[PDB]
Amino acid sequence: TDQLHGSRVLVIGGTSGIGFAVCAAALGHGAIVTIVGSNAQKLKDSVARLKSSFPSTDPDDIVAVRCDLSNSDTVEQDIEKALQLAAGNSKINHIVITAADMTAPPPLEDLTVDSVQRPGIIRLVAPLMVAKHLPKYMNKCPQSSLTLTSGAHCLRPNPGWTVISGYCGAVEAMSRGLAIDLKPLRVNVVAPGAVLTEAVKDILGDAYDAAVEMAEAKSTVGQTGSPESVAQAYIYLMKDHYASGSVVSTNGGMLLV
């Protein structure tokens, strides 16, 4: 008797990192999960590793579709097709969007007009395209939810990441606009702090151990966030039929020191 059992959850960005943990958490509650990513080989491994963790579950409750949401001529159709597949002959109950490139941007001296606009494709256009088309594949009711992702660097930005912190503030304001545009559907944002995903190990390279320590030190929990803890923020937003227009911040007290 779990409230998320019959429910269909679409995770855009669920092939690795935080979004992948949300797929795992939703499956533990008995949900039907649809996963979206651009990497065909990450997509394939994601689905296999979830079936290994949940062998009881029907494989037809774990479906995956490949979309490159960074291409303007394709974002809109790939969003619509992923909404169609997540719905089946029913409607989607919850959508989660963690998808992002997370590659270090250029410094200020090399800043080009395309390096600013290119991230807005996946971070801004794709979520607005989800809102444009979700009414045909979702019921606009308070039991259904759309959740976007932001970060603590919206408020305490990292050096050289001003453009991405800008886009994190855009997602937060945007979610409030969508909570009105799509009312009574619920729209919220999760703002995570330092989460040790495999993408963050790639950006940091050989500076990974010096940045982890620092992160650890500049937090009240004295820890980095595990994807399985941050994933509970997304589950909470699916279960609280009264949460809309909010930011759920999970950052280990990082904003207090």
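We number the residues from 1 along the sequence you see.
Per-stretch averaging of Cα B factors for 162-170 and 82-90 places 82-90 on top. Checked against the record, the higher mean CA B factor of 136-144 and 171-179 lies with 136-144.
Looking only at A26, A231, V63, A191, the residue with the top Cα B factor in the deposited structure is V63. Per-chain ranking of the deposited C-alpha B factor places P119 in the middle third.
Ranked within its chain, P157 lands in the highest third, by CA B factor from the PDB record. Among all modelled residues in its chain, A104 ranks in the highest third by Cα B-factor.
Sort the modelled residues of the chain by CA B factor and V75 lands in the middle third.
Per the deposited record, the Cα B-factor of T98 falls in the lowest third when ranked against the other modelled residues of its chain.
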